[PDB]
Amino acid sequence: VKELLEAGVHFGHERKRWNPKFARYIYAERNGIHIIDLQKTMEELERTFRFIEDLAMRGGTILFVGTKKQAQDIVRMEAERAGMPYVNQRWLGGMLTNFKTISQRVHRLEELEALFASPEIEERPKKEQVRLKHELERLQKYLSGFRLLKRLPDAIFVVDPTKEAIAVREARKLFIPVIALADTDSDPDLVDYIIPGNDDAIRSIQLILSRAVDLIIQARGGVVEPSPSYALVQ
RNA sequence: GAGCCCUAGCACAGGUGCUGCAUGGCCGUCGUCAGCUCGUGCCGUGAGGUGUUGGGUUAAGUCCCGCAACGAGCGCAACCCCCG
Ligand SMILES: [Mg+2]
Ligand SMILES: [Mg+2]
Ligand SMILES: [Mg+2]
Ligand SMILES: [Mg+2]
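Laid out in structure tokens, this is it:
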């Protein structure tokens, strides 16, 4: 189910904060706003999903990023709802590019997995039960979706690339294909497979980002429900 | 002419004689001041920068939140002694 499902509540977004490189994917300045030509949305979807498919059934790992305010959660849903890695709270200087080092944080996160369930089940110089169980605190918060990922992904999926630029940069540096949902905010030129959409409305992120995860599990057989995601959707 | 010890020579001893501006070691000092760095990534043609900066907080670069950085090292703290 696609087509008018998109016009559902998810077409055009921002106005007069545009990138004129995005002028190709626009329908009009109707009532002050940029409303985004959907025929070409759909157009780009086929090519993009086509890439996802092939990538997925060839057994690839996509890396999902959405640190954005109201995308935050509907990421770690569909990301985990497909066993793919995700970056949720904040992108870090050189997850990809400084990958080896940023990994020793995960290498050392699960050292503390294995100190919870431990012979030190309740022991070690008692003020070290915040000193270390608050190290695992931060480690937890950030590397929760990143922890799976043990070689660079074969792709990345991004919700707002002008928001998420520090990532996309690393991607392109590393020849890693950039998949993203992008609106009039953004610079198409450096998004390899674009979902000309709406970086913002939670429904729009949902419709799109879930289907893409359908396609992913569905390209290893075993489709499920209407997705464990409708947040407080409101 | 084994050792030892004497006098005559010999190779050497000795020197608190100079150079702390040839030096080691040890000390003083800014100063127990909250600092000085490195590894990798990143930015810059480059010297270099980021990190360490910022907002809150500490006796402290002490910790917190934030952030193209993420972590480490010598410091600080703690591990030692005395007094309750
Ligand atoms: Mg001297
Ligand atoms: Mg000297
Ligand atoms: Mg003198
Ligand atoms: Mg002198």
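Counting in the entry's author numbering, the first sequence runs from 7 upward without gaps.
C-beta atoms are modelled at their ideal positions from N, C-alpha and C, and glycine is treated no differently.
- Counting along the chain, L187 sits inside the beta strand (DSSP E) bounded by residues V184 to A188.
- Listed in chain order, the beta strand (DSSP E) elements of length 3 or more contained wholly in the segment 61-135 are 68-71.
- With 16 or more other Cβ atoms inside 10 Å of its own Cβ, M83 counts as buried.
- Buried is the label assigned to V219, since at least 16 other Cβ atoms lie within 10 Å of its Cβ.
- Per DSSP, the beta-bridge partners of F163 are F70 and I185.
- It is roughly 8 Å from the alpha-carbon of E128 to the alpha-carbon of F122.
- A straight-line Cα-Cα distance of about 20 Å links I201 and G66.
- A distance below 6 Å between beta-carbons, with the five flanking residues on each side excluded, links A34 to the following residues of its chain, in chain order: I41.
- Residues of the same chain with a CB within less than 6 Å of the CB of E170, apart from the 5 flanking positions on each side, are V71 and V164 in chain order.
- Annotated three-state conformation of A34 is strand, per DSSP.
- When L61, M90, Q212 and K139 are compared, the shortest CA-CA separation from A77 is found for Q212.
- For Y148, there is no enclosing beta strand (DSSP E); the residue is found in the alpha helix (DSSP H) stretching over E141 to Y148.
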